[PDB]
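A.B. asks: What follows is protein-v1.pdb, PDB, N, CA and C atoms.
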MODEL        1
ATOM      1  N   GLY K   1     -18.967  26.739  53.355  1.00  0.00           N
ATOM      2  CA  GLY K   1     -19.727  27.921  52.892  1.00  0.00           C
ATOM      3  C   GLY K   1     -21.203  27.666  52.682  1.00  0.00           C
ATOM      4  N   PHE K   2     -21.633  26.408  52.759  1.00  0.00           N
ATOM      5  CA  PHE K   2     -23.021  26.026  52.477  1.00  0.00           C
ATOM      6  C   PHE K   2     -23.719  25.542  53.735  1.00  0.00           C
ATOM      7  N   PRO K   3     -24.923  26.019  54.024  1.00  0.00           N
ATOM      8  CA  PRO K   3     -25.633  25.513  55.201  1.00  0.00           C
ATOM      9  C   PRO K   3     -26.031  24.063  55.021  1.00  0.00           C
ATOM     10  N   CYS K   4     -26.062  23.338  56.132  1.00  0.00           N
ATOM     11  CA  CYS K   4     -26.393  21.924  56.130  1.00  0.00           C
ATOM     12  C   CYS K   4     -27.832  21.644  56.523  1.00  0.00           C
ATOM     13  N   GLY K   5     -28.653  22.674  56.690  1.00  0.00           N
ATOM     14  CA  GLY K   5     -30.042  22.491  57.070  1.00  0.00           C
ATOM     15  C   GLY K   5     -30.264  22.117  58.518  1.00  0.00           C
ATOM     16  N   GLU K   6     -29.469  22.661  59.428  1.00  0.00           N
ATOM     17  CA  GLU K   6     -29.545  22.271  60.827  1.00  0.00           C
ATOM     18  C   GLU K   6     -29.114  23.453  61.680  1.00  0.00           C
ATOM     19  N   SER K   7     -29.970  23.840  62.622  1.00  0.00           N
ATOM     20  CA  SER K   7     -29.648  24.862  63.607  1.00  0.00           C
ATOM     21  C   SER K   7     -28.711  24.312  64.671  1.00  0.00           C
ATOM     22  N   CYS K   8     -27.759  25.122  65.111  1.00  0.00           N
ATOM     23  CA  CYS K   8     -27.014  24.828  66.330  1.00  0.00           C
ATOM     24  C   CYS K   8     -27.159  25.956  67.341  1.00  0.00           C
ATOM     25  N   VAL K   9     -28.353  26.548  67.384  1.00  0.00           N
ATOM     26  CA  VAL K   9     -28.674  27.515  68.422  1.00  0.00           C
ATOM     27  C   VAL K   9     -28.515  26.883  69.794  1.00  0.00           C
ATOM     28  N   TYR K  10     -28.959  25.636  69.937  1.00  0.00           N
ATOM     29  CA  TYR K  10     -28.857  24.903  71.193  1.00  0.00           C
ATOM     30  C   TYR K  10     -28.103  23.596  70.998  1.00  0.00           C
ATOM     31  N   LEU K  11     -28.643  22.682  70.205  1.00  0.00           N
ATOM     32  CA  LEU K  11     -28.018  21.399  69.968  1.00  0.00           C
ATOM     33  C   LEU K  11     -26.755  21.545  69.130  1.00  0.00           C
ATOM     34  N   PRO K  12     -25.847  20.583  69.227  1.00  0.00           N
ATOM     35  CA  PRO K  12     -24.731  20.524  68.279  1.00  0.00           C
ATOM     36  C   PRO K  12     -25.206  20.093  66.899  1.00  0.00           C
ATOM     37  N   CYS K  13     -24.271  20.135  65.948  1.00  0.00           N
ATOM     38  CA  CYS K  13     -24.549  19.742  64.571  1.00  0.00           C
ATOM     39  C   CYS K  13     -24.340  18.244  64.439  1.00  0.00           C
ATOM     40  N   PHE K  14     -25.433  17.488  64.393  1.00  0.00           N
ATOM     41  CA  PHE K  14     -25.294  16.065  64.098  1.00  0.00           C
ATOM     42  C   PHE K  14     -24.930  15.839  62.638  1.00  0.00           C
ATOM     43  N   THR K  15     -25.119  16.857  61.793  1.00  0.00           N
ATOM     44  CA  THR K  15     -24.584  16.848  60.438  1.00  0.00           C
ATOM     45  C   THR K  15     -23.062  16.903  60.430  1.00  0.00           C
ATOM     46  N   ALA K  16     -22.405  16.924  61.591  1.00  0.00           N
ATOM     47  CA  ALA K  16     -20.979  16.620  61.608  1.00  0.00           C
ATOM     48  C   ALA K  16     -20.684  15.280  60.935  1.00  0.00           C
ATOM     49  N   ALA K  17     -21.662  14.362  60.912  1.00  0.00           N
ATOM     50  CA  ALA K  17     -21.494  13.071  60.246  1.00  0.00           C
ATOM     51  C   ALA K  17     -21.221  13.202  58.754  1.00  0.00           C
ATOM     52  N   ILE K  18     -21.644  14.310  58.130  1.00  0.00           N
ATOM     53  CA  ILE K  18     -21.373  14.621  56.730  1.00  0.00           C
ATOM     54  C   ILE K  18     -20.502  15.863  56.599  1.00  0.00           C
ATOM     55  N   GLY K  19     -19.767  16.191  57.652  1.00  0.00           N
ATOM     56  CA  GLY K  19     -18.721  17.173  57.567  1.00  0.00           C
ATOM     57  C   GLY K  19     -19.089  18.573  57.976  1.00  0.00           C
ATOM     58  N   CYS K  20     -20.276  18.799  58.526  1.00  0.00           N
ATOM     59  CA  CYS K  20     -20.699  20.134  58.911  1.00  0.00           C
ATOM     60  C   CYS K  20     -20.245  20.461  60.325  1.00  0.00           C
ATOM     61  N   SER K  21     -20.094  21.753  60.591  1.00  0.00           N
ATOM     62  CA  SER K  21     -19.714  22.238  61.907  1.00  0.00           C
ATOM     63  C   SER K  21     -20.555  23.459  62.231  1.00  0.00           C
ATOM     64  N   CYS K  22     -20.679  23.761  63.519  1.00  0.00           N
ATOM     65  CA  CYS K  22     -21.466  24.909  63.941  1.00  0.00           C
ATOM     66  C   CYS K  22     -20.676  26.190  63.720  1.00  0.00           C
ATOM     67  N   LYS K  23     -21.266  27.131  62.984  1.00  0.00           N
ATOM     68  CA  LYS K  23     -20.682  28.454  62.784  1.00  0.00           C
ATOM     69  C   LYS K  23     -21.726  29.484  63.187  1.00  0.00           C
ATOM     70  N   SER K  24     -21.600  29.988  64.399  1.00  0.00           N
ATOM     71  CA  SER K  24     -22.470  31.026  64.940  1.00  0.00           C
ATOM     72  C   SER K  24     -23.938  30.708  64.685  1.00  0.00           C
ATOM     73  N   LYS K  25     -24.308  29.561  65.218  1.00  0.00           N
ATOM     74  CA  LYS K  25     -25.656  29.036  65.384  1.00  0.00           C
ATOM     75  C   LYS K  25     -26.214  28.360  64.143  1.00  0.00           C
ATOM     76  N   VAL K  26     -25.447  28.266  63.059  1.00  0.00           N
ATOM     77  CA  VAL K  26     -25.867  27.577  61.848  1.00  0.00           C
ATOM     78  C   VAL K  26     -24.854  26.480  61.551  1.00  0.00           C
ATOM     79  N   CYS K  27     -25.344  25.282  61.252  1.00  0.00           N
ATOM     80  CA  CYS K  27     -24.471  24.217  60.784  1.00  0.00           C
ATOM     81  C   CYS K  27     -24.110  24.451  59.323  1.00  0.00           C
ATOM     82  N   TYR K  28     -22.798  24.442  59.050  1.00  0.00           N
ATOM     83  CA  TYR K  28     -22.230  24.858  57.763  1.00  0.00           C
ATOM     84  C   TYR K  28     -21.117  23.889  57.352  1.00  0.00           C
ATOM     85  N   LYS K  29     -20.938  23.775  56.054  1.00  0.00           N
ATOM     86  CA  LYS K  29     -19.810  23.065  55.474  1.00  0.00           C
ATOM     87  C   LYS K  29     -19.343  23.787  54.226  1.00  0.00           C
ATOM     88  N   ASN K  30     -18.108  24.275  54.253  1.00  0.00           N
ATOM     89  CA  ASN K  30     -17.494  24.891  53.086  1.00  0.00           C
ATOM     90  C   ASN K  30     -18.363  25.973  52.458  1.00  0.00           C
TER      91      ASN K  30
ENDMDL
END
Can you present the structure in this file as structure tokens?

C.D. replies:
Amino acid sequence: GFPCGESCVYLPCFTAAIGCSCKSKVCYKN
């Protein structure tokens, strides 16, 4: 539910390293 401070408009979420995933162009976790 919280943004991870990373766009995934183009690139993937490298914040996947701390559990974030791309949700409609915004990297998010819980």

A.B. asks: Evaluate the PyMOL selection byres ((chain K and resi 22-25) around 7) on the structure here and hand back the selected residues as a compact mmCIF listing (two decimals) with N, CA and C atoms, in the coordinates of the input.

C.D. replies:
# COMPACT_ATOMS: atom_id res chain seq x y z
N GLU K 6 -29.47 22.66 59.43
CA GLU K 6 -29.54 22.27 60.83
C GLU K 6 -29.11 23.45 61.68
N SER K 7 -29.97 23.84 62.62
CA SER K 7 -29.65 24.86 63.61
C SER K 7 -28.71 24.31 64.67
N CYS K 8 -27.76 25.12 65.11
CA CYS K 8 -27.01 24.83 66.33
C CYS K 8 -27.16 25.96 67.34
N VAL K 9 -28.35 26.55 67.38
CA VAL K 9 -28.67 27.52 68.42
C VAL K 9 -28.52 26.88 69.79
N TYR K 10 -28.96 25.64 69.94
CA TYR K 10 -28.86 24.90 71.19
C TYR K 10 -28.10 23.60 71.00
N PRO K 12 -25.85 20.58 69.23
CA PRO K 12 -24.73 20.52 68.28
C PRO K 12 -25.21 20.09 66.90
N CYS K 13 -24.27 20.14 65.95
CA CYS K 13 -24.55 19.74 64.57
C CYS K 13 -24.34 18.24 64.44
N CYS K 20 -20.28 18.80 58.53
CA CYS K 20 -20.70 20.13 58.91
C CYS K 20 -20.24 20.46 60.32
N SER K 21 -20.09 21.75 60.59
CA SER K 21 -19.71 22.24 61.91
C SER K 21 -20.56 23.46 62.23
N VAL K 26 -25.45 28.27 63.06
CA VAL K 26 -25.87 27.58 61.85
C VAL K 26 -24.85 26.48 61.55
N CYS K 27 -25.34 25.28 61.25
CA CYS K 27 -24.47 24.22 60.78
C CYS K 27 -24.11 24.45 59.32
N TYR K 28 -22.80 24.44 59.05
CA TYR K 28 -22.23 24.86 57.76
C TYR K 28 -21.12 23.89 57.35

A.B. asks: According to DSSP computed on the backbone, where in chain K is there strand (DSSP E)? Give the residues as a PyMOL selection string.

C.D. replies: chain K and resi 2-7+21-23+26-29

A.B. asks: Region 2-21 of chain K, all listed atoms, 8 Å padding on each side: what axis-aligned box centre and edge lengths in Å to one decimal come out, as lines of an AutoDock Vina configuration file?

C.D. replies:
center_x = -24.5
center_y = 20.3
center_z = 61.8
size_x = 27.5
size_y = 30.4
size_z = 34.7

A.B. asks: Which protein, DNA or RNA residues have an atom at most 8 Å from (-25.0, 25.5, 51.9), counting only N, CA and C atoms? List them as JSON, numbers by chain.

C.D. replies: {"K": [1, 2, 3, 4, 5, 27, 28, 29, 30]}
